[PDB]
Amino acid sequence: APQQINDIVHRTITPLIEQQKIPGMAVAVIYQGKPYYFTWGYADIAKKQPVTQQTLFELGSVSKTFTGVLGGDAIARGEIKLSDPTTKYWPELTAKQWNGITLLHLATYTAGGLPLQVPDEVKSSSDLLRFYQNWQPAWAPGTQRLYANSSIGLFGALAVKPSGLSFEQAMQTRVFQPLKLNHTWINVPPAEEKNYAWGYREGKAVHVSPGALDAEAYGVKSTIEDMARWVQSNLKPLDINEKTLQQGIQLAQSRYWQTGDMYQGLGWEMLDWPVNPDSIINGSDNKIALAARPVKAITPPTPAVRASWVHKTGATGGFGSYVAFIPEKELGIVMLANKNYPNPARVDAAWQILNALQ
Ligand SMILES: Cn1cnnc1Sc1ccccc1NS(=O)(=O)c1cccc(Cl)c1O
C-alpha cells in the first residue's frame, strides 16, 4: 500500500471509528485498478474475533446493486424488458391500479408510492399477492420516487421468473460465480459461519432476520475482498467475459430518472463528477434519501456516464455499508462496518479519501 493511501485512509477512518463507536470495520480502496485493504476492531466482541479480509458483513441495501445488475443481465438475455407491464410476469396481479406500472417503475422506486418495507404481517406468498393487490398508489407511475424494498424487491423476484431459477440460484450462477465472488452469499453456509461478523445495535449482537423479499432487497453478505472485486467489475464492465453480464452492469448504471442532482440507476445511484460534496453528504441522510421526491424522466435513459460518482449506502439493524466509485478515475471505495451509523458520516469519509487520491 502506497504511503499516500495508507495515510489518507487511516487519518479518515480512525477518528470515524472513535466518533461513531464502531466495533469493527473493513475498508478497500481501488486505486488505478488495484485493491488495498484495511481492517480494524472486532467481528465478534464476545469471542474476541478480529475483523479480517475474510469477515462477512451484512450489506443491507448495497444488495440492491446486485439485484439491479442481475435484472440487467436478464434484460441482456432477452428474458425480460423494462418496458413490460408488471402483470406480464405476475398474471395474478389483476387489480386495475397495476395498469401502466412497468418493471422499470418497480426497479427505480417510481411505481407510485410502494412502501419502504413489506409489512411484517406478510409471510406466505399468498400474503404477498394480497398485499400488492390491495396496495393503492398515491401517485401516477413514473412521477414520484419513494425508496422502497417492496418495489425493487418485487422487481428482483419477477426478473428471474422466465429463467425458472430461484432468485438465489440465479444470483449465484449469473452474477456471483462469473465474477468469482466466492465468499458472497444470500444465505451464509455453515462452512462460512466462523467468518460471519455479528452486528451491533445498542450493544446487542444481532443478525438480520428472515423477511419477505429479503434476498432481493437487503439480503447479501460479503467480504471486503469480494466487495472490492464487485467495485472493480462495475468500474470496468468491459473486462468481463460473460456478454450478458457485462451488458447488465452497463444497464444498471444507465440514468433513468433525475431528482435534484442525483440520477437513478438499477440499484446504483449516480451523480455527475466532480460532485458538490455537501450534496452527496447531506443527500445521503435518510431524511432526504427516503423522502418522496418528484422525478424527471430521462427519455431515453443515458448510458453509463464515465464521469460519475456512482454509489449506494446500505444498512441493517446491526450493520452499515457504503460503496462508491468513479469510472473515469479508476477510483473506488468500500466501507463495511458492524454498526449502523449515520449515512452522512460514511459519505464524508469516502469523499475525503477519494478526493485526496484523484
Ligand atoms: C427489513 N429488515 C428486517 N430485518 N432487517 C431488515 S433490513 C434493515 C433493517 C434496519 C435498517 C435498515 C435496513 N435495510 S433497508 O430496509 O434495506 C434500508 C432502509 C433505508 C436506508 C438504508 Cl441505507 C437501508 O439499507
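As a convention, residue numbering begins from 1 on each chain and follows the written sequence, not necessarily the numbering found in the entry; residues with no coordinates do not appear. The basis for every side-chain value is the complete set of non-hydrogen atoms in the structure, without hydrogens or water. Residues with missing side-chain atoms are left out of burial classes, side-chain pairs and their counts.

- Looking at the entry header, you'll see X-ray crystallography listed as the method and 1.7900 Å as the resolution.

### Here's the deal with the packing of aromatic side chains
For step 1, the next point in the chain: Within 6.5 Å between ring centres, the rings of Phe, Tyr and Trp (the latter by its six-membered ring) count as paired, and their orientation is classed by plane angle as stacked under 30 degrees, edge-to-face over 60, tilted in between. By the definition in use, this model includes 11 aromatic pairs.
For step 2, the next point in the chain: Residues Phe 66 and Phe 176 carry aromatic rings whose centres are separated by 5.7 Å and whose planes lie at 85° to one another, so their mutual orientation is edge-to-face. With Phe 66 in helix α2 (residues 63-76) and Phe 176 in helix α7 (residues 167-176), this pair connects stretches of sequence that are 110 residues apart.
For step 3, the next point in the chain: Through successive ring pairs, a cluster of aromatic residues spans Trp 90, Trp 98, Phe 131, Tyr 132 and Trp 135.
For step 4, the next point in the chain: A positively charged side chain is recorded as over a ring if its NZ (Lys) or CZ (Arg) lies within 6 Å of the ring centre. The angle to the ring normal must also be within 35 degrees. Taking NZ or CZ as reference, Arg 255 lies 4.2 Å from the ring centre of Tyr 263, over its face. For the purposes of this entry, the term helix denotes a DSSP run of H or I that reaches at least four residues, the term strand denotes a run of E that reaches at least two, and both are numbered from the N terminus.

### Description of unusual backbone geometry
For step 1, the next point in the chain: In this model, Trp 273 is joined to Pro 274 through a cis peptide bond whose omega is 0°.
For step 2, the next point in the chain: Among the structural elements, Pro 274 can be located in the loop between β12 (269-272) and α11 (277-284).
For step 3, the next point in the chain: Backbone torsion omega between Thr 299 and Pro 300 reads -5°, so that peptide bond is classified as cis.
For step 4, the next point in the chain: The topology assignment puts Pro 300 in strand β14 (residues 296-302).
For step 5, the next point in the chain: The residue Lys 48 is not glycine, and still its phi comes out positive at about 55°.
For step 6, the next point in the chain: A positive phi is found at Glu 330, a non-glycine position, where the angle reads about 60°.
For step 7, the next point in the chain: Mapped onto the elements of the fold, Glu 330 is located in the loop between β16 (319-326) and β17 (331-337).

### Observations regarding the pairing of strand β1 (residues 24-31)
For step 1, the next point in the chain: Remark: exposure states derive from per-residue accessible area (1.4 Å probe, protein chains only) relative to the maximum for the residue type, with buried under 20%, exposed over 50%, and partly exposed in between. Buried residues dominate β1, accounting for 7 of its 8 residues.
For step 2, the next point in the chain: Following DSSP output, two strands are said to pair if at least two bridges run between them. Pairing geometry for β1 and strand β2 (residues 34-44), over 8 bridges, is antiparallel. When the bridges of β2 are listed, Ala 28 appears paired with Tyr 37.
For step 3, the next point in the chain: What sits between the antiparallel neighbours β1 and β2 is a turn of 2 residues, in which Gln 32 has the positive phi angle 50°.
For step 4, the next point in the chain: Pairing analysis gives 7 bridges linking β1 to β17, with the strands arranged antiparallel. Residue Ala 26 lies in a different strand from β17, and its bridge partner there is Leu 336.

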